[PDB]
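In our numbering, the protein residues as written are 4 to 601.
Virtual Cβ for every residue (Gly too), placed ideally from N, Cα, C.
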Ligand SMILES: *[C@@H]1O[C@H](CO)[C@@H](O[C@@H]2O[C@H](CO)[C@@H](O[C@@H]3O[C@H](CO[C@H]4O[C@H](CO)[C@@H](O)[C@H](O)[C@@H]4O)[C@@H](O)[C@H](O[C@H]4O[C@H](CO[C@@H]5O[C@H](CO)[C@@H](O)[C@H](O)[C@@H]5O)[C@@H](O)[C@H](O)[C@@H]4O)[C@@H]3O)[C@H](O)[C@H]2NC(C)=O)[C@H](O)[C@H]1NC(C)=O
Ligand SMILES: *[C@@H]1O[C@H](CO)[C@@H](O)[C@H](O)[C@H]1NC(C)=O
Ligand SMILES: *[C@@H]1O[C@H](CO)[C@@H](O)[C@H](O)[C@H]1NC(C)=O
Ligand SMILES: C[C@H](CS)C(=O)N1CCC[C@H]1C(=O)O
Ligand SMILES: [Zn+2]
């Protein structure tokens, strides 16, 4: 009978959760060892342990059928059982899972091992993306140099893994269907527990799209003045290599040439950080201080003892893309970051520490609940703090911004700078998953895979490659998350919801009042606010114990993902920018790109 079984089920779940945590700890250690030290031996070890855990997950999913869990009274017990039925890749046959693992590591290791030759010195061929190539992309204003590095990188990080990527799509699809999802798109979207989630994002994106068009138009205008009309056309998509980022996902690195008021201050604290003798250790210590200042949890000793916060100086290959790690014990949390002393890197430190804080806040939950309310929540935490860290208000407090006058023009410069990171990213993030969803769903024939990628980048972002690409090239895997099989919609969601969190945290901190000119949203600093911290504790401690609208409700009483907050933040910029574009007769929109030959 059901009453007695539900008691037994509760006991079954308690033990199983603890067992899953312990088994996952072993897989995580091997995955950490591989990411920190790419070798054939470490690859073998990572993939063999994963195969072993997958085998156990299969047994668990099979064992859930022995319980009448759908009949139970407790929503909590039913939710835990449901989490256990979802196998993901573990649903694949033993041999298929092993092949998928070998395929994934082949792609991630290819990306991590990419080396190019120096533009000026064809004998020096040991430039890696991080930091060598990225330094050039961000700093060089030589369009031919930029285009050289773009082509070299994309050819090696992208085209080189086409066949592996094809097999990955096949096995991802097979796995999804064994879980009775239509494709991997539906498997990923299941994490958001909302059958209208795609439409919700389309609607929010449509509301912000006109603002993006205005920013795009103004940036293109300013780039024409710098590079000339031979490099940048008035009516065409922007050549992406000019945007200060390898993937044109954020444009803040070219702020010095596109800033609204060039005679007024533009915040760039990198030089002051170096001047004051900042180190990676100091940057992480300052992030820790920000969290502890809000009455949130201090970084444990394991973090300091075990984290990797600088690129290793021996000859080893590693994954340098920044990552935060939960080892599912108590207080064993780690970051691996190839940290550099720059402003943007200071934001990245706070982003990664946001993941760490989430791990610490929910470590008391049963294993299945030790994850974000949805994947976007996990990405948003640290970015909320980064928004405060980026303010002139905060940067003056820590002595990184000196002799700053916050007049009307300086404010527009700062809002524009933020928008180059926050608004610009939205169409980029949407296209990363729109692309993969289309391949997962079988909507694009293999013969059209590369130009389907550039078509999307054109349609949504109005950017294009520096050189003509074709189906001989395969450019998508040149982005880390595509080579490493990391869902990207989490970042689009994050960039929307982080403004909901920021706005509410600021109101709570007494730092934002829409009717008080002295308290604008774009200069809010939540440092030292226990009130803002209280809201974070309330939400993060839930982990995934409840559907995400309940986690949002715990923070600020709202239950809906909304574009209201991000639009509110950038409203003063929108008004100024629309007028500035009219004043300067700026062309808005773009013709279809000619840079991908079918
Ligand atoms: C994805 O979707 C798949 C379907 O498209 C699904 O696969 C199905 O899972 C079913 C299990 O839930 C399974 O149903 C069983 O079928 C057995 C015989 O099927 C054979 O012949 C079929 C042709 O008709 C073939 O196509 C199959 O390949 C099989 O060879 C039955 O023998 C079996 O029955 C037993 O179990 C039921 C279930 O009992 C339930 O639980 C309690 C038990 O205490 C009951 O009180 C309760 O009422 C409830 O019914 C018993 O009632 C019964 O007495 C038997 O003991 C069972 O019906 C089905 O075969 C399978 N495939 C197909 C094609 O249908 C996947 O499971 C889905 N995957 C995921 C991850 O969700
Ligand atoms: C990297 O891994 C190899 C074996 O795969 C091991 O011998 C070596 O100690 C590791 N290197 C470092 C720097 O940890
Ligand atoms: C700090 O957090 C604790 C719980 O961690 C809470 O009980 C306490 O009220 C908070 N202190 C302040 C000043 O808000
Ligand atoms: C550094 C983090 C790791 S979770 C990251 O990958 N981000 C943060 C913003 C977007 C995305 C990217 O770099 O592509
Ligand atoms: Zn992240």
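Leaving out five residues on either side along the sequence, give the residues of the same chain with a beta carbon under 7 Å from the beta carbon of residue i.
i, result
"residue 479", "161, 438, 456 and 485"
"residue 463", "430, 433 and 434"
"residue 418", "525, 573, 575 and 576"
"residue 312", "283, 284, 287, 338, 340 and 342"
"residue 321", "38, 39, 40, 41, 115 and 315"
"residue 600", "471 and 473"
"residue 200", "192"
"residue 334", "303 and 305"
"residue 409", "395"
"residue 133", "323 and 341"
"residue 497", "379, 382, 383 and 386"
"residue 374", "546 and 547"
Quick one: what does DSSP say residue i is sitting in, helix, strand or coil?
i, result
"residue 292", "helix"
"residue 500", "helix"
"residue 337", "strand"
"residue 118", "strand"
"residue 130", "strand"
"residue 480", "helix"
"residue 207", "helix"
"residue 41", "coil"
"residue 311", "strand"
"residue 379", "helix"
"residue 614", "A query on residue 614 cannot be resolved here, the shown segment of the chain reaching from 4 to 601 and no further."
"residue 401", "coil"
"residue 153", "helix"
"residue 438", "helix"
"residue 110", "helix"
"residue 249", "coil"
"residue 583", "helix"
"residue 545", "coil"
"residue 234", "coil"
"residue 561", "coil"
"residue 444", "coil"
Take residue i and list the residues in its own chain whose beta-carbon comes closer than 6 Å to its own, dropping the five residues that flank it on each side.
i, result
"residue 290", "352, 353 and 356"
"residue 27", "331"
"residue 195", "377"
"residue 536", "297, 298 and 299"
"residue 257", "247"
"residue 477", "161, 162, 165 and 453"
"residue 168", "480"
Would you please state the rounded distance, in angstroms, between the beta carbons of residue i and residue j? I believe it to be under 8 Å.
i, j, result
"residue 111", "residue 481", "Going by Cβ atoms, the distance from residue 111 to residue 481 rounds to 13 Å, so no, they are not a contact pair."
"residue 9", "residue 77", "7 Å"
"residue 529", "residue 391", "5 Å"
"residue 358", "residue 387", "Not quite, the Cβ-Cβ distance comes to about 12 Å (not below 8 Å), so this is no contact."
"residue 255", "residue 423", "5 Å"
"residue 94", "residue 178", "6 Å"
"residue 234", "residue 242", "7 Å"
"residue 503", "residue 561", "7 Å"
"residue 594", "residue 238", "5 Å"
"residue 264", "residue 415", "6 Å"
"residue 440", "residue 188", "4 Å"
"residue 245", "residue 230", "7 Å"
Could you please give me the residues that DSSP links to residue i through a beta bridge?
i, result
"residue 329", "336"
"residue 473", "600"
"residue 466", "241"
Excluding five sequence neighbours on each side, which residues of the same chain lie with their C-beta closer than 8 Å to the C-beta of residue i?
i, result
"residue 121", "127, 128 and 130"
"residue 207", "499, 564, 565 and 566"
"residue 470", "150, 153, 154 and 598"
"residue 20", "83, 369, 370 and 371"
"residue 225", "260 and 261"
"residue 12", "70, 72, 75, 80 and 84"
"residue 101", "50 and 54"
"residue 46", "37, 108 and 112"
At a threshold of 7 Å, does residue i count as lining ligand 7 (C-beta to nearest heavy atom)?
i, result
"residue 533", "Ligand 7 is not among the ligands present in this structure, which contains only ligand 1, ligand 2, ligand 3, ligand 4 and ligand 5."
Which residues are close to ligand 2, meaning CB closer than 6 Å to any heavy atom, in chain order?
The chain-ordered list of residues whose CB is nearer than 6 Å to some heavy atom of ligand 2 reads 40, 42, 44, 45, 317 and 319.
Using the beta carbon as the reference atom, which residues fall closer than 6 Å to any heavy atom of ligand 5, ordered along the chain?
354, 358 and 382
Listed in chain order, which residues are found with a beta carbon closer than 6 Å to a heavy atom of ligand 1?
182 and 183
Any heavy atom of ligand 4 nearer than 5 Å to the CB - residues listed:
325 and 494
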